[PDB]
*Asks:* 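Quick one: the structure is below, questions incoming.
Each ligand, and each atom within it, is numbered from 1 in the order the structure gives. Values below: every heavy atom of this structure, side chains too, minus hydrogens, waters and symmetry copies. Quick note: residue numbers are just sequence positions, from 1.
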Amino acid sequence: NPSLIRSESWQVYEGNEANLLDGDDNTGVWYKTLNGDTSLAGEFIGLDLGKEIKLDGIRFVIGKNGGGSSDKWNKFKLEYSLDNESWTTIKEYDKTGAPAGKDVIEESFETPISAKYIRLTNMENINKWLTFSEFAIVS
Ligand SMILES: [Ca+2]
Ligand code: NA
C-alpha cells in the first residue's frame with residue numbers, strides 16, 4: 001500500500017493525512033504553509049509506492065470543499081522516480097483561474113511507467129496555504 005510523501009515544513013491545519021489515502025474524494029487535509037503563507041517552487045505531495053511498479057495511470061484530487069477551496073497551486077508538474085533522488089516529469093499543469101474546490105488530476109499511460117515514487121510538485125511560488133483530498137494510482 002502506498003504511503004504519503006510531502007514537504008516536511010507544512011503544518012496540518014485541518015483534517016488527517018490518512019484522509020488522503022482513504023479512497024474518498026470528500027475527505028481531505030488543509031496544510032498551512034510557512035515562509036509567509038507561501039508554497040515555494042519545489043514543494044510537493046504524492047506517494048511512496050514501497051517498490052517499483054508499473055503504473056497505468058494516476059488519479060489525484062487537489063483542493064477540497066469549503067475552507068481552503070481555492071488554496072491550490074497554480075503551476076505544478078506530475079513527476080516520478082525510481083530512487084527518490086532523480087525525477088522525471090510526466091505532465092506540467094497551469095490551473096490559474098480553475099474553479100474553487102476539488103480538482104481531479106487524472107492521467108492514463110498507454111504504455112505503463114515503472115515508478116517507486118510519484119508526486120505533484122509546485123513549479124512557481126504562490127502565496128497560499130494548500131488543500132488536498134486524495135492520491136491514488138492505477139496498476
Ligand atoms: Ca480522501
Ligand atoms: Na469541492
*Asks:* Does NZ or CZ of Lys64 come closer than 6.0 Å to the centre of the six-membered ring of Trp30, within 45° of the ring's axis?
*Replies:*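 Positive - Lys64 is close enough to the ring of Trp30 and near enough to its axis.
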*Asks:* Report the protein N/O/S neighbours of the Ca ion (ligand 1) that fall below 3.0 Å; do not count waters.
*Replies:*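 Listed by chain and number: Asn19 O, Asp22 OD1, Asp24 O, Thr27 O, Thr27 OG1, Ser133 O, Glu134 OE1.
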*Asks:* Kindly say whether the aromatic ring centers of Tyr13 and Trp129 come within a distance under 6.0 Å.
*Replies:*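 Aromatic pair counts; centres sit under 6.0 Å.
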*Asks:* Determine which pairs satisfy salt bridge (charged side-chain N to carboxylate O under 4.0 Å, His left out) with at least one residue from residues 111-127, sequence neighbours left out, and list them in order.
*Replies:*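 Qualifying pairs: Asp48-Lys116, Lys75-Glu124, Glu79-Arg119.
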*Asks:* Give me the ring orientation class for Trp10 and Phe132: parallel if the planes are under 30° apart, tilted from 30 to 60°, perpendicular past 60°.
*Replies:*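 Answer is parallel, since the angle falls under 30°.
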*Asks:* Of all residues at least two apart in sequence or in a different chain, which pass the ring pair (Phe, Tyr, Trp, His ring centres under 6.0 Å) check with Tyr93?
*Replies:*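 With sequence neighbours excluded, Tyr93 shows a ring pair (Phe, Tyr, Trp, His ring centres under 6.0 Å) to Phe76, given in chain and number order.
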*Asks:* With sequence neighbours excluded, what pairs up with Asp83 under the side chain to side chain donor-acceptor pair (under 3.5 Å) test?
*Replies:*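 Side chain to side chain donor-acceptor pair (under 3.5 Å) list for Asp83, sorted by chain: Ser81.
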